[PDB]
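To begin, one chain is listed below as structure tokens, in the form deposited in one PDB entry.
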């Protein structure tokens, strides 16, 4: 059976751990958001093809630039994530995450993922960004960033509502098959 190693990277609090929990348990963890997601494996069916999908979190390593790349060797596909309501996390796709991922893994496909989709039209969120002379990241900004870093897909999702969530991981597998 084809085995796939998928590593999830991106700024703190873009929702890496939530994304992974919400996907693997089929529900947002509302009552308490866990800090720890242990390395995960599971058989999944995609387009009539059986595959074993492995998922590794990286939360907690964001400040240690020489410890992070210990997870990168033999990765088959990367999800580089940013929050759609954090422009700083979006710019860090270009300033921090793409450069180190591509340096260590020159041939490995990248999927660019925009998280917290449910908040892009949230009144209070928009207002708080406004107070800082910012606005949410919209779809064409995502597309442009993906083209810049050579991502094979750009995808938006919400761990909270699960909108777009299964599609992210289906496409990660399709990038490898």
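Numbering follows the first chain given and starts at 1. Just so we're on the same page, rigid core means the largest C-alpha set that superposes within 1.5 Å between forms.
- Stretches 76-84 and 98-106 differ in mean CA B factor, with 98-106 having the higher one.
- In this entry, the higher average B-factor at the C-alpha atoms falls on 48-56, of the pair 66-74 and 48-56.
- Out of 141, 61, 115, 35, the entry records its largest CA B-factor for 35.
- For residue 8, the recorded CA temperature factor ranks within the lowest third of the chain's modelled residues.
- Annotation for residue 126: C-alpha temperature factor in the highest third relative to the rest of the modelled chain, per the entry.
- Placement of the Cα temperature factor of residue 42 within the chain: highest third of the modelled residues, per the deposited record.
- Sort the modelled residues of the chain by CA B factor and residue 149 lands in the highest third.
Beyond what is shown, the protein has a form deposited in another entry; the following relates to that form.
- Checking 137, 119, 151, 59 for C-alpha shifts of 2 Å or more between this form and the one not shown, after the rigid core is superposed, gives a single hit: 59.
- Relative to the superposed core, residue 44 undergoes a Cα shift smaller than 2 Å between this form and the one not shown.
- Core-superposed comparison between this form and the one not shown: CA of residue 109 displaced by less than 2 Å.
- Here's the thing about residue 62 and residue 58: their CA atoms end up at least 3 Å farther apart in the other entry than they are in this form.
- In summary, the C-alpha positions of residue 150 and residue 49 diverge in the other entry, ending up at least 3 angstroms farther from each other than in this conformation.
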